[PDB]
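Chemist:
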Amino acid sequence: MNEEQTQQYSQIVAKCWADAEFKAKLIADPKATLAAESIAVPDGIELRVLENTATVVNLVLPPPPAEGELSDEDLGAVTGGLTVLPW
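First residue of the sequence shown: 1, per the deposited numbering; consecutive thereafter.
(1) Note down, in chain order, each residue of its chain lying with its Cβ closer than 6 Å to the Cβ of residue 105, except the 5 sequence neighbours on either side.
(2) Helix, strand or coil for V13, going by three-state DSSP, please let me know.
(3) If we ignore side chains and look at the alpha-carbon of each, how far apart do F22 and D72 end up?
(4) Name the one or two DSSP bridge partners that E21 has.
(5) Measuring alpha carbon to alpha carbon, tell me which of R48, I39 and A20 ends up nearest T6.
(6) Secondary structure at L50, three-state DSSP: helix, strand or coil?
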């Protein structure tokens, strides 16, 4: 969940608010959508959407089991309005 990955996450929601069809696909099947974006989706990770408005969209993508260490710059990049993997 580094800066570069966060940027990709931003691109997804950037598309959503502008492209209602894309947004709908993300919500209906976030796994297929992420796959289209060349983003891995471990089956041990739950995906959630917080907001799906015509202006603001919030997609929650919890760190994978393979998640390593992040820098302060990486953590700063990460959208703090997102939640984490349910336990």
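All residues carry an ideal CB built from backbone N, CA and C; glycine is no exception.
Modeler: Walking through what the data contain:
(1) Since the first residue shown for the chain is 1 and the last is 87, residue 105 is missing from the structure and cannot be characterised.
(2) Residue state, collapsed to three classes: helix.
(3) Near 32 Å, if we compare the C-alpha coordinates of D72 and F22.
(4) According to DSSP, which records beta bridges pairwise, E21 is partnered with nothing at all.
(5) The option with the nearest alpha carbon to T6 is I39.
(6) In the structure shown, the three-state DSSP call for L50 is strand.
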